[PDB]
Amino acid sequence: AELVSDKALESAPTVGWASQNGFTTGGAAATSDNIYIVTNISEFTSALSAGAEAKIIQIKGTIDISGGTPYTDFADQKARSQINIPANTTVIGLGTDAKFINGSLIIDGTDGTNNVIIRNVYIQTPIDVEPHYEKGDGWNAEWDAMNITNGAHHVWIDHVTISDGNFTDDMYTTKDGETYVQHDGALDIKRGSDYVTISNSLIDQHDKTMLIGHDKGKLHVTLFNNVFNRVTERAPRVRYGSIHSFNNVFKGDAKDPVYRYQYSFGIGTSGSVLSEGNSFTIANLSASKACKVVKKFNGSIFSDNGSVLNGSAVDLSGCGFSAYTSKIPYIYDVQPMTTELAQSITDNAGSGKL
């Protein structure tokens, strides 16, 4: 159809892992017949059926993954809400109101999927209609907002917003004396996926958000100019993989009524994190308790240079970790974190901000 988005055919910035050992161009090589404008899930799956052929799919308005039909149970939700994005695909939202609800976008490398760009779209985390009761311990929600799985490499998430939105956790009901959790993870990157860049995005209002690894020598993820607002934990929590996080904004409250801030970085098995010029504005978090932003699990590699906590340069080098030593293969400009920069990144973060 018609190319209406000015930014649709641009590829990932040369900065980031998604541009290492190959560039991430999505469907920029698409022919005129592989340019779409989709308004619903049927039109969306039809355009995606173009397979591994370069495709540009422009999202107009709200895409209700459920197709206006509520999921009857787990089986129904499992069969209808998971939309696979194939190789060489660019999903770019039009305007400021392009969004997805009631489902998950899946980049599955089982068919060899790689070279995917998801941009300028709001993904409201799906609600699991039938959570499973865990071993005497609360309810377990099953669905993601976005999952990168099975060797899927070269993925660029830019100006995307992921949020609980219309249904935040303060609205959870309790069943059998336990909170009926219907939200899962926000973004999961696992199973040997690799070469990913997440930029100018916003994760707003969510609990367990970003889990990387779930491997040795894979999972390279770069994150810059993103905002993590009222996010309980994992921004991200990594294992078997190195992440490069610089010039991001984390805003929370260690005593928030709904998404009480726990930590941002989770250092797991063979996981490494290079943090630089990040802004941490966490209410109820004492300057002497700054190492709370980094939580160790089974990993040991963690380094931070130039990050701030509540407006003051913080020293997160004595938190109990070994230095990040591997080199970053690409050049990048880490800007000094100031009140001005943190505010500007907050203005720019998320969908509708292209």
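Start at 1 and count along the sequence shown; that's the residue number.
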**Between neighbours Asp215 and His214, residues that the deposited sequence lists but the model omits** = 4 to 9
**Item:** Of 152 to 160 and 279 to 287, the one with larger mean CA B-factor
**Value:** 279 to 287
**Request:** Tell me which of 100 to 108 and 173 to 181 has the higher mean C-alpha B-factor in the deposited entry.
**Result:** 173 to 181
**Fill in**
For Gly61, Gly320, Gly26, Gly306, the deposited C-alpha B-factor is largest at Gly320
**Prompt:** Going by the deposited entry, which of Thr31, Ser312, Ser42, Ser49 has the highest CA temperature factor?
**Reply:** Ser312
**Item:** For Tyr133, the third of its chain into which the C-alpha B factor falls
**Value:** highest
**Prompt:** Looking at the C-alpha B-factor of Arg80, is it in the lowest, middle or highest third of its chain?
**Reply:** middle
**Asked** Lowest, middle or highest third of the chain for the C-alpha temperature factor of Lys255?
**Response** highest
**Fill in**
Of the three thirds of Cα B-factor ranks in this chain, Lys218 occupies the highest
**Complete:** In terms of its chain's C-alpha B-factors, the third that includes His244 is the lowest
